[PDB]
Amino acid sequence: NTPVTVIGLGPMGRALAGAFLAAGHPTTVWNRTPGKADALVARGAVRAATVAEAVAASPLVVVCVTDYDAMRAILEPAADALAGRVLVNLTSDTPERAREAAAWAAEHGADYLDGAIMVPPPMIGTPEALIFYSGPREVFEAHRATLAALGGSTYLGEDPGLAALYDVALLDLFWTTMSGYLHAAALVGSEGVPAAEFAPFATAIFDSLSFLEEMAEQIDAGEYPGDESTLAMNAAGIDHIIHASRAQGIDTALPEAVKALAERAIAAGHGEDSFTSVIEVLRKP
């Protein structure tokens, strides 16, 4: 099959190389720290001695390092060896850095595809993998078959920063939800309730994750019907959360933050509308 190069042998990089090898790709690997490829070489991987030698061994080069600052530090020595090849940046960073990488890649004659892995390494090489991809459509189709070895490719568009945008946007949701759960856990924990007793209920407050698409209809329509629950009614509930958190001894930074956003919308005349109307103030720094 097509030869592929994985630059960076961390937890994810090692999984990526393994998935390429399992699909029959002659995989050339390289890492700054030696002693992490023993399992890959036993499966067929060729350990390269130089980044430039690794970049020159395959038509497709996948780089999976911590940030782009590292990606640019590793690949500058081989910046020209990227000649005529495609760089698949599966490093997670900002949309701006993905666009600067693309321009940097074009400067050195290389094609560029920006990717974002949305699963842990164990799920690479399996149908559970969700990898976003953005950049020139032709380049994706030309290498879609090779990238299938990693899992579920999902082309988003031509803008190199799209994949990163989806990435930071989905991590924005995940960590913000994370913080709310931990705050709720602490609040009930102030009265001795084990988190194991609150967790089955915290699963029910979300029931089917339908709200995602119900509110998306409002956002896309720009119409936030405040029928039933209004933003001002919801804001009253936040006040109860803040005063309960204060009374119970828990920090009230996060709930006050959500309260500030609600007030901003109410100050913009959305008091009557739904909570989804808070997006109107979220779009204004």
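Just count from 1 along the sequence shown to find any residue number.
For the pair 66-74 and 214-222, the mean Cα B-factor is higher in 214-222.
Per-stretch averaging of Cα B factors for 77-85 and 205-213 places 205-213 on top. Which of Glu96, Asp111, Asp114, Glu107 has the largest Cα B-factor in the deposited entry comes down to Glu107. Compared with the other modelled residues of the chain, the Cα B-factor recorded for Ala265 ranks in the highest third.
Placement of the Cα temperature factor of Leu170 within the chain: lowest third of the modelled residues, per the deposited record. For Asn31, the recorded CA temperature factor ranks within the lowest third of the chain's modelled residues. Per the PDB record, residue ranking by Cα B-factor puts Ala57 in the lowest third of the chain. Annotation for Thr91: CA B-factor lies in the middle third of the chain's modelled residues.
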